[PDB]
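We've got the same protein chain twice here, in two forms, each standing alone as structure tokens: structure 1 and structure 2.
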Structure 1
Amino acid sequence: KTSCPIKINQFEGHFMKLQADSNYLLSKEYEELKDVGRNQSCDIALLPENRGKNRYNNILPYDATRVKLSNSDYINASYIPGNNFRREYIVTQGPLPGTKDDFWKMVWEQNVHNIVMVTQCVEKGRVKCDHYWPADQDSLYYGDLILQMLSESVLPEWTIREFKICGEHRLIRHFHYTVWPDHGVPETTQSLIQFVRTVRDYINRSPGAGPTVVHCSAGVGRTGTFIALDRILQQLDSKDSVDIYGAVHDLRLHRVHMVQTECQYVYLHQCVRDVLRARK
């Protein structure tokens, strides 16, 4: 099983059916995804060299799909296919104090113009991501790069920041969703749907951009849900039919744990359901 497409017109009843007996058919599909991609080696991520480069020792890129620092080429970051092309996203863990120069190096080399962050830095007193961009308008050195924040706009559920980066100038936009708790789901579908549509709008406005960066803490759950939502919301505009199973499957061929909880998988369905409810 690589794909379970569901006709737009069948979805409400289908999803009803999925949620029956305590999400019983849902848990089965989610369970079926469990081992996807997991036959692949993680050997470079496991070198002694690289140990301090990994936030979490069980969340490592596959050797086959890992992003490489041009060049010790090692970053915890994976290439991810999207609705439109094969290297559409780069997905990474929340930077560490000791890898934030690496992270900006990758951003520069890969021609990234848009970053999506869907974790906070510290949640319930637990560190999730370093505060890896400038704290104000003063320019900062990140290895061989200089970065300056040009603007920060704080909205209730996300904050958009514009940076200028120069090497030894590109404009970068950073879309930070602030209300998605780790291992959890946002409070509403409407919020993330609208954030997803905002980002994609700007992506469309970014001629020639490299991959879009998406990250959270480990770079798998909220990051994987974000991207799966981005992909299906495009399918809802182009197709008779949406393939939530297929999307998550695909993400898993490329990185462990993409969409990391059953509830995140349920939430993807709740999103598609509500969009279609709104249309009807």
Structure 2
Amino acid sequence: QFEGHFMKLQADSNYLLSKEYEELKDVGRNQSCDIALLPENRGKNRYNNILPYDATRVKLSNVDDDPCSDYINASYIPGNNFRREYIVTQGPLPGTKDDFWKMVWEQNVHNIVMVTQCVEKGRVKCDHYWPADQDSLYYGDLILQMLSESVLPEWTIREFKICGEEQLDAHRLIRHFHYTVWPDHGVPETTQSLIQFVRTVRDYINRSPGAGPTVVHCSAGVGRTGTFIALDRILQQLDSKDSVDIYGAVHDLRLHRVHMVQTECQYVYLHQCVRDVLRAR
């Protein structure tokens, strides 16, 4: 079973756990990121070393006169159910926030997951890319209105109405799930916190059939974002199988985007979450 597997991984000061994590290090990394490296796109990446692969990047519709107008730092990611179950992205920049909302619109996104604060330890990690109040705003040609904001202990849930300017009756409801307690150092203090957050989000995702991919982001869109997605996938497997494959999930993530589950600590945390679920049952 899982508990015995994890016991063996943790034996000898996590020796086999480390070895397994290190086996994933080169996965996916021979893939080109030439589009992301075009000079015209340079300002559109938050981090030089976190770029989407050409094979898996999300494309925006082209705006005439600008061939590089298709670019956003964003990647498609598989889950248990669909090949493009998620779109992962960086925390938007002031200059990419209209692109972000354009992607949300064009990809039929109904659910957005944000696993960061805008500022952490005095560093800007993500722009405040959504409305501050209930007054509506255009991001490019898209109209956005916050209908509700619910500040809970460990997350904030917001509802937005989005529509194109030239068709006001064809609007969409979008939910935004903002995990607000990820600590400045390490991983969350409890497994309970991220497990409950993931299950909360999943229960909303299951009630949005016909939606496009779920957007997940943090600052770079790799570590916390990858941990969120891996956890979502493995908790579904547990509920269904119950046959958990944490290694396989992280491997598949790495094929789609660099650094997904970016630290060994996050990889350990995934194993702890699953153990804790099983212990509670």
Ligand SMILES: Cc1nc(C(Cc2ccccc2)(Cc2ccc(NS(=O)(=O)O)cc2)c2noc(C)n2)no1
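Numbering runs along the sequence of structure 1, starting at 1. Take the two forms, superpose them, and find the largest set of C-alpha atoms that agree within 1.5 Å; that set is the rigid core.
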| property | result |
| --- | --- |
| Structure, 1 versus 2, that is the form solved in complex with the ligand | 1 |
| Position that moves between structures 1 and 2 after core superposition, taken from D101, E157, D182, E88, with Cα shift of 2 Å or more | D182 |
| Rigid core superposed, the C-alpha shift at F15 between structures 1 and 2 in Å | 1.2 |
| Angstrom shift of the Cα atom of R205 between structures 1 and 2 (superposition on rigid core) | 0.8 |
